[PDB]
Amino acid sequence: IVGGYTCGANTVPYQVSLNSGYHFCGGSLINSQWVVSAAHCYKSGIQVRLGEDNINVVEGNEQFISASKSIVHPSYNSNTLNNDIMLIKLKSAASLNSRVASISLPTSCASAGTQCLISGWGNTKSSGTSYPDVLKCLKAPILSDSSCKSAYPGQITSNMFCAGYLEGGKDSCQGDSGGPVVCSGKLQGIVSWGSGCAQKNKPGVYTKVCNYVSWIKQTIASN
Ligand SMILES: NC(=[NH2+])c1ccc2[nH]c(-c3cc(F)ccc3[O-])nc2c1
Ligand SMILES: [Ca+2]
């Protein structure tokens, strides 16, 4: 997260860290046994780490659970990143409490101008790499579809939306992929891609979760 602030320990209780010997992507807990992340974060050997603040220190509240299976959307296109969503089923259910809690799926899509919270342990520098130990937060608005298509002509599909600042300086970045974009208490986006990080007129692009709620529900119901 570039231009963000320290969230504060366990203030984003649905945030998870996907780990394979190091943090490589974020994710969101949607119920005690499932996590939603980005399809491009897929790899085998994933351990889901819940209740984290400093990912390099066991401070208490952490729950490390192995993934039993990861389900990448069947129509995920790795060249366009269209349908960049994946569901991860945990080997055992997590113990939910005030520090580890799930976030709700939306019933309607969010409008331009909606203010959202983006969080993650990704790079905090736009020019270079500085990875934080604790969770960073960023408040950012959803941009109109015309400004998003004007910024990335021919690369935005109806399953994506832009959020951020066209002046540059505040954005999600590498290491934040798969993490949450929460607006009014509902999970509206998944950190997916962008051109560099916090560059002027190049806002971040997010997977539009409201287009996948029936898919998520039907997939969880059958697995
Ligand atoms: N500017 C952004 N809003 C952004 C967000 C997530 C990213 N994730 C990545 C990324 C880069 C890699 F080289 C490998 C995996 C990633 O998720 N770049 C990203 C850029
Ligand atoms: Ca920790």
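This deposited entry lists X-ray crystallography as its structure determination method and 1.41 Å as its resolution.

*Asks:* How do you make sense of the overall build of the protein when you look at a structure like this?
*Replies:* Regarding its fold elements, the protein presents two helices and 13 strands. In terms of C-alpha radius of gyration, the protein reaches 16 Å, essentially the compact-globule figure of 17 Å for 223 residues. With the C-alpha coordinates of the protein rotated into their principal frame, the extents come out at 45 × 35 × 30 Å. Buried positions account for 53% of the 223 residues belonging to the protein. In the protein, 70% of the contacts between residues at least 6 apart in sequence involve partners at least 24 apart. Seen as two clouds, the 16 positive and the 10 negative side-chain charges of the protein have centres 7 Å apart.

*Asks:* Would you explain the site of ligand 1 in this entry?
*Replies:* Taken together, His40, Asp171, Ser172, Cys173, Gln174, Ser177, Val191, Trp193, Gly194, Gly196, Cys197 and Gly204 make up the full set of residues adjacent to ligand 1. The contact in question runs from an oxygen atom of ligand 1 to an N or O atom on the side chain of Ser177, over 2.2 Å. Here ligand 1 loses 72% of its free accessible area of 430 Å² to cover by the protein chains. Classifying every residue of the shell around ligand 1 by side-chain character gives four nonpolar, seven polar and one charged.

*Asks:* Explain the UniProt feature "binding site: Ca(2+)" in the protein to me, please; I cannot follow it from the model alone.
*Replies:* Here, the residues flagged by UniProt with the feature "binding site: Ca(2+)" are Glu52, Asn54, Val57 and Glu62. The residue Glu52 is located in the loop between β5 (47-50) and β6 (63-72) in this model. The exposure class of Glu52 is buried, given its relative accessible area of 6%. Sequence-distant contacts of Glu52, defined by excluding residues within four places in its chain, comprise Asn10, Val57, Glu62, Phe64 and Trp121.

*Asks:* Is there a simple way to think about the coordination of the calcium ion (ligand 2) in this case?
*Replies:* Where a metal carries four tetrahedral donors, each ideal angle is 109.5 degrees; where it carries six octahedral donors, the ideal angles are 90 or 180 degrees. Within the first shell, the calcium ion (ligand 2) binds the protein through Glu52 (OE), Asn54 (O), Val57 (O) and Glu62 (OE), at distances of 2.2 to 2.4 Å. All donors of the calcium ion (ligand 2) come from a single chain, and their spacing in sequence reads E-x1-N-x2-V-x4-E. Residue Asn54 shares its accessibility class with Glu62, and that shared class is buried.

*Asks:* Which parts of the structure should I look at to understand the packing of aromatic side chains?
*Replies:* What characterises a pair of aromatic rings is the spacing of the ring centres plus the angle enclosed by the ring planes. All told, the structure shown has three aromatic pairs when counted by the stated rule. Relative to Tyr206, the ring of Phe161 lies with its centre 5.7 Å away and its plane at 25°, an arrangement referred to as stacked. Residue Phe161 is found in strand β10 (residues 160-163), and its partner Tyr206 is found in strand β13 (residues 204-208); the two are separated by 45 residues along the sequence. We note that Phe161, like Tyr206, is buried. Taking the ring centre of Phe24 as reference, the NZ or CZ of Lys43 above it sits at 4.1 Å. For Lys170, the ring lying beneath its charged end belongs to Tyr165, and the centroid distance is 4.8 Å.

*Asks:* Is there a simple way to explain the sheet that holds strand β3 (residues 23-31) in this structure?
*Replies:* Two strands in a sheet stick together by hydrogen bonds in their backbones, pointing the same way (parallel) or opposite ways (antiparallel). With respect to topology, six strands assemble into a closed barrel ordered β2-β3-β4-β7-β6-β5, the strand pairing being antiparallel. Strand after strand, the sheet turns through a mean of 40° between neighbouring axes, direction not considered. Alignment of β5 against β6, held across four bridges, turns out to be antiparallel. Looking across to β6, one finds that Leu50 is bridged to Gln63. Against the sheet, helix α2 (residues 213-221) touches β3, β4 (34-37), β6 and β7 (86-90), its axis set at about 30° to β7.

Reading guide: rules and limits
- Residues numbered from 1 in each chain as written, not as in the entry; some residues may be left out.
- Chains lettered and ligands numbered in written order.
- Heavy atoms only, no water.
- Helix = DSSP H or I, 4+ residues; strand = E, 2+ residues; numbered from the N terminus.
- Rg over C-alpha atoms; globule rule 2.2 N^0.38 Å.
- Buried < 20%, exposed > 50% of the residue type's maximum accessible area, 1.4 Å probe, protein only.
- Contact = heavy atoms within 4.5 Å.
- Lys, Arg positive; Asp, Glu negative; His and termini not counted.
- Charge placed at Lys NZ, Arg CZ, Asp CG, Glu CD.
- Near = heavy atom within 4 Å.
- Polar contact = N/O pair within 3.5 Å; in protein donor to acceptor, adjacent residues only side chain to side chain.
- Areas by Shrake-Rupley, 256 points an atom, 1.4 Å probe, with all protein chains shown as cover.
- Nonpolar A, V, L, I, M, F, W, Y, C, P; charged D, E, K, R; others polar.
- UniProt positions renumbered as here; feature names shortened; annotations may be inferred.
- Donors = N, O, S within 2.8 Å, 3.2 Å for Na, K, Ca; no water.
- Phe/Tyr/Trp six-rings, centres within 6.5 Å; stacked < 30°, edge-to-face > 60°.
- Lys NZ or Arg CZ within 6 Å of the ring centre and 35° of its normal.
- Pairing = 2+ DSSP bridges.
- Axes fitted to C-alpha atoms, helices over the stretch in contact; angles between N-to-C directions.

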